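Undergrad: Sharing a structure here in C-alpha cells format.
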Amino acid sequence: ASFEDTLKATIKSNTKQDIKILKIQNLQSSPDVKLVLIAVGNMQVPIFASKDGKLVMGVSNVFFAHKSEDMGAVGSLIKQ
Amino acid sequence: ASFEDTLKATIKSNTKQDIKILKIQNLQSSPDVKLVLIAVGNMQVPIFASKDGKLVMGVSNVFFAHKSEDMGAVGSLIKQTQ
C-alpha cells in the first residue's frame, strides 16, 4: 500500500476522519521521516510520518535535524 | 556513527547540551521511528527519533500508529516523564 494510502489509513483508523494529502516534503537529514501537510476538517495542518505511513507524529516545537536546512523547512510549513 | 552516538550528536549540535539515553523503545507499527527517553540535566524527556538518529521530534499529544499497541507504549512513557 502506497505511502499516501497507508498514511490515509493510519489517520482514519485512529480518527475516523478522511483526509486529503496536500503536500509531501522529504527531509534532507534522513529518509525515515517525511514531513507532510494534510487537510482535516476545515484546516490544513502539518505532521511527521514514518516513510511507510504507519506512524504519524504531530508537529511539536522540539525538532532538531542533522542538517540545519530541514529546520527551516518545518518552520516554513508550520507558518503555512 | 552508531544510533545512540548520532542521536547524541544531532541533539547536542542544536541545543549545545550533552544528554544521556535512558530508554529506547521500538514501535511495532514501523522501524522507521524509535521512541526514546533521554535525560537533560535533571529532567527526563521523551522524544521520537528517526531510526538512524538524524531527526529528533518532540512527543506531542498527536501520535497515530497503524498498530494499536504502540499508542499504549508512548502513552505510558509520556506518563513516566510527567
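Where a number appears in this text, it was derived from the coordinates with a stated rule and is not lab data. Here the Cβ positions follow ideal geometry from the backbone for every residue, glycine too, while neighbour counts run over all protein chains shown.
Undergrad: Helix B:3-15 sits at what angle to the longest principal axis of chain B, using alpha carbons and giving 0 to 90 degrees rounded to 10?
TA: 70 degrees
Undergrad: Run the dipole for chain A about the Cα centre, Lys and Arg Cβ at +1, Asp and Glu Cβ at -1, nothing else charged, and hand back the magnitude in debye, nearest 20.
TA: For chain A, the charge dipole is close to 180 debye.
Undergrad: Then there is this: Say the cut-off is 21 Å between C-alpha atoms; which of A:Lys34/B:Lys20; A:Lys8/B:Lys79; B:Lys8/B:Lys34 go over it?
TA: Violating the 21 Å Cα-Cα cut-off are A:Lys34/B:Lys20; A:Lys8/B:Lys79.
Undergrad: Over region A:12-80, what is the relative contact order in percent, taking alpha-carbon pairs closer than 8 angstrom and at least six residues apart?
TA: Relative contact order comes out at 23 percent.
Undergrad: Relative to the longest principal Cα axis of chain B, at what angle does helix B:68-81 sit, 0 to 90 degrees, rounded to 10?
TA: 40 degrees
Undergrad: Within chain A, which is the longest segment containing none of the trypsin sites (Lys or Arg not before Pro) that sit in a DSSP loop and have at most 10 other Cβ atoms within 10 Å?
TA: Longest stretch, sites excluded: A:17-78.
Undergrad: Counting only other chains, what is the mean number of Cβ atoms within 10 angstrom of the Cβ of each residue in peptide B:20-26?
TA: Counting other chains' Cβ atoms within 10 Å and averaging over B:20-26 gives 0.
Undergrad: Taking beta carbons within 10 Å but only from partner chains, what does the mean come to for residues A:59-72?
TA: 5
Undergrad: Could you work out the mean count of beta carbons from other protein chains within 10 Å of each residue's beta carbon in A:44-55?
TA: Whole-number average of other-chain Cβ neighbours for A:44-55 is 6.
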